[PDB]
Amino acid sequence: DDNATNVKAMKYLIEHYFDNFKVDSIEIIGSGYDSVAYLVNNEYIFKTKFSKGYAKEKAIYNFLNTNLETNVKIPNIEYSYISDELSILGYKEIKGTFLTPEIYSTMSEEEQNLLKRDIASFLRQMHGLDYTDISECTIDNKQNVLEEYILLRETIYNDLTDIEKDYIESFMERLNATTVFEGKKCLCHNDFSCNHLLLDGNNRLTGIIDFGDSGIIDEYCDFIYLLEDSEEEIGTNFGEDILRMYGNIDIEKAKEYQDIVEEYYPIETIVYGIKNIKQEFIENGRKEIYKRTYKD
């Protein structure tokens, strides 16, 4: 019994904290580096974490369920337990199939267009919300990076190689010269990748999950994965078309914003390692810097 034990513990905690909730079945459906999500009674999702723990995400679902006008479904929190050492959010599973590159490639041109229009429409509607009632949830990525650079300088920066230092400094120089943080701010999903997008039986967008990183931030943020060229995402043209449908936005700046975030990735990974005292992340990030430096 490996997998069997985690599930038992979480079944115990769910029943203990949610007085009249009976767990008849429970399985792991996903996990991050510091969280685990479970499917319970083939009906409920329970996102859990042993903290930095789930209060903001819940506030955002509550704000969005009150204010969004859309047929696209999002989580609606029925159960929550939030404490310093433990957080749990429960909601009814949104039913559907996650969008993937393989699926997209089987769709007709028209089906692809309609999906793109759906996404644009959802983003336009969310970005247009008056965010006053969630004003607390502001995120300044540039300032966050500066603070993370300071933490590097205070911890391991001096032990890095010249090549690692150069990569970091060359990123900081670019950050200082860019104008992409100076545009429209709005409420963004802020992790808007196709593993969070659900399709219904006609390949239309039916739901969106994981607003855990959402906040008032640069409008460009919600396009960075839609613009990404990788195995996990659909491709740059997909993001471009969505941008054109969404309208009133500088595409070249959206791409610059995406490229800068991408350049930061290995540094983000290093910083996560430092803050969470996980050496393997520090090592992975540094190695990634070498791989990027040597790519022709």
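The term rigid core refers to the most C-alpha atoms you can superpose between the two forms while keeping them within 1.5 Å. For every residue, the number given is its place in the sequence shown, counted from 1.
With every structure aligned by its rigid core, 29-37 is the stretch of 265-273 and 29-37 whose CA positions lie farther away in 7 other deposited structures of this protein.
The gap between residue 51 and residue 52 holds 4 to 9 unmodelled residues of the deposited sequence. Mean C-alpha B-factor is higher over 134-142 than over the other stretch, the pair under comparison being 192-200 and 134-142. For the pair 224-232 and 256-264, the mean Cα B-factor is higher in 224-232. Taking the deposited Cα B-factors for 184, 165, 174, 117, the highest one is held by 184. Compared with the other modelled residues of the chain, the Cα B-factor recorded for residue 251 ranks in the middle third.
In the PDB entry, a CA B factor belonging to the highest third of its chain's modelled residues is recorded for residue 56. Looking at the C-alpha B-factors along this chain, the one for residue 213 belongs to the lowest third.
Compared with the other modelled residues of the chain, the Cα B-factor recorded for residue 68 ranks in the highest third.
Placement of the Cα temperature factor of residue 95 within the chain: highest third of the modelled residues, per the deposited record.
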